[PDB]
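J.:
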Amino acid sequence: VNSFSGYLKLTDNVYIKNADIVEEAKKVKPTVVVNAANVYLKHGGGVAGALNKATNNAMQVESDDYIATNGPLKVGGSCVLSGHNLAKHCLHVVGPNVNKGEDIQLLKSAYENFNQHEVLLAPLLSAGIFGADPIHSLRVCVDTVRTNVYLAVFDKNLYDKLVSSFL
Ligand SMILES: O=C(O)[C@H](c1ccccc1)n1sc2ccccc2c1=O
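Just remember that PDB author numbering sits 2 ahead of the position in the sequence shown, which is counted from 1.
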């Protein structure tokens, strides 16, 4: 039993809700919240910008120190940093950004990072301004992640489309 509430059940291990991931993280205070990161951990826009704003820029400060020490991530890769006021930990996962010309095939590798954590609150990787079809992101998710994932979908109309077309 966990403190997630109001999710539709897609599969044995994947649940989905029409919710703002920022407000959901503040309410649940999950163990792990997933960020839609880029390799530089530059959290300017999208989910990354929104999560970072909710931490009062503490996420960016921590991230810049991480990059200065370790260099960039790989597309498909991840790192675990603090969750600040939103969660215990933030798993920064780099899905491919189609709008940058990155290989959509790396989406499965990106989702594999989720399997290192028993329970996660997450957005649809590579969707939004990363340019991949959210329907495809949900499919790769369900077919890759074996741990318990709670997906927050921001847009109501997209949420409706994702559920009704899910096989
Ligand atoms: O609603 C959501 O959660 C997702 C989403 C996933 C990751 C980051 C930001 C947004 N949306 S809304 C939306 C509106 C127009 C076109 C695409 C999307 C889309 O993919």
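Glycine residues also receive a C-beta, built at the ideal position from the N, C-alpha and C atoms.
#1: So is the beta-carbon of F156 under 7 Å away from any non-hydrogen atom of ligand 3?
#2: Going by Cα to Cα distance, which pick from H138, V95 and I131 is closest to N117?
#3: What does DSSP give as the partner residue(s) for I18 in the beta ladder?
#4: Applying the 10 Å Cβ sphere with the 16-neighbour rule, what's the burial state of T71?
#5: Helix, strand or coil: which one does DSSP assign to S139?
#6: If we count the other Cβ atoms within 10 Å of its Cβ and call it buried at 16 or more, is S111 buried or exposed?
#7: With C143 and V155 assumed to form a contact (beta carbons below 8 Å), what rounded beta-carbon distance in angstroms separates them?
#8: Using DSSP bridges, identify the partner residues of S80.
#9: Out of curiosity, what's the CA-to-CA distance linking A50 and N40?
#10: Measuring only the C-alpha atoms, how far is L123 from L88?
#11: I believe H91 touches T33 by the beta-carbon criterion, under 8 Å. Please report the beta-carbon distance rounded to the nearest angstrom.
#12: Buried or exposed for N15, going by 16 or more other Cβ atoms inside 10 Å?
#13: What residue range is occupied by the uninterrupted beta strand (DSSP E) comprising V34?
#14: Given this structure, state the Cα-to-Cα distance separating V147 from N58, to the nearest angstrom.
#15: Can you confirm whether the stretch 98-105 touches the stretch 129-140 when touching is taken to mean that 3 or more C-beta pairs between the two stretches lie within less than 8 Å?
T.: Looking at the coordinates:
#1: Ligands displayed in this structure: ligand 1; ligand 3 is not among them.
#2: By alpha-carbon distance to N117, the top candidate from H138, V95 and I131 is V95.
#3: Paired residues: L10 and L153.
#4: exposed
#5: helix
#6: Buried, since its Cβ has 16 or more Cβ neighbours within 10 Å.
#7: With 8 Å as the limit, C143 and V155 do not qualify as a contact, their Cβ atoms being about 12 Å apart.
#8: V95
#9: 9 Å
#10: Rounded to whole angstroms, the gap between the alpha carbons of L123 and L88 is 11 Å.
#11: 7 Å
#12: exposed
#13: Looking at the DSSP string, the run of the beta strand (DSSP E) that includes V34 is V34 to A38.
#14: 31 Å
#15: yes
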